[PDB]
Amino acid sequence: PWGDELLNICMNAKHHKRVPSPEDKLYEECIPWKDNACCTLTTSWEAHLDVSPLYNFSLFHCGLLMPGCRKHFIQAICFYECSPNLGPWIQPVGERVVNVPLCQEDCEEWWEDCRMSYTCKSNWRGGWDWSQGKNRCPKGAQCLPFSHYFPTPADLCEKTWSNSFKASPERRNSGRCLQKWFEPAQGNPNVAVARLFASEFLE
């Protein structure tokens, strides 16, 4: 009836904690998940590194991102790595996550703040020149503003992370979409969203 099997769990990917539990300390942008996290301190710290050892994927491939843009990408990582409220969207590839609905604000602000930064492809899931150990832009792929390769917020949310996320038309506090970041003061707005979807009442 309610999908409690699917609540308060962590996906089986190589970095993730097997089970969620509180942490004394998490680095910067992953602080909102202190209460109950699927990331260790080390994971949280690693999320903020240039060419994070978590993925060996370079964001600076078209040069260094504006800090505001970088912040969004890091938060995405914090969320992916730390959230105990993704059960309903977990699927096998040894697991991943598919079409987690990010609230419209999250995708819009992310898009907004990355407009000035630069990239070379619109589908980051593959098709990279991988020769150095880390991805670089393939021959003939021009570095241009994000708004060129990601004309909409939806493009950005969905294609950078290989359909791990879906751009929901629902707005924050609807009860029907998740925030990739939230102020620790405010309490976690995604717990109830997870519950709802776990239930037989929503798919």
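Start at 1 and count along the sequence shown; that's the residue number. Throughout, rigid core stands for the largest set of C-alpha atoms superposing within 1.5 Å between the two forms.
- In 5 other deposited structures of this protein, superposed on the rigid core, the segment with the larger root-mean-square CA displacement between 141-149 and 58-66 is 58-66.
- Averaged over structures and residues, the CA distance from the shown form in 5 other deposited structures of this protein after a core fit is larger for 132-140, of the two stretches 28-36 and 132-140.
- Unmodelled stretch separating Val93 from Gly94: 10 or more residues (count of deposited-sequence residues without coordinates).
- The PDB entry reports B-factors from which the mean C-alpha value can be compared for 175-183 and 15-23; the larger average falls on 15-23.
- When the mean C-alpha temperature factors of 64-72 and 151-159 are read from the deposited coordinates, 151-159 comes out higher.
- Each of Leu41, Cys143, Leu59, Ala47 has a CA temperature factor in the record; the biggest one is found at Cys143.
- As recorded in the entry, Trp124 carries the highest CA temperature factor of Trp89, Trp110, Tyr80, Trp124.
- In the PDB entry, a CA B factor belonging to the middle third of its chain's modelled residues is recorded for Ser117.
- The PDB entry assigns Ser168 a C-alpha temperature factor belonging to the lowest third of its chain's modelled residues.
- In this PDB entry, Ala37 carries a Cα temperature factor that places it within the middle third of its chain's modelled residues.
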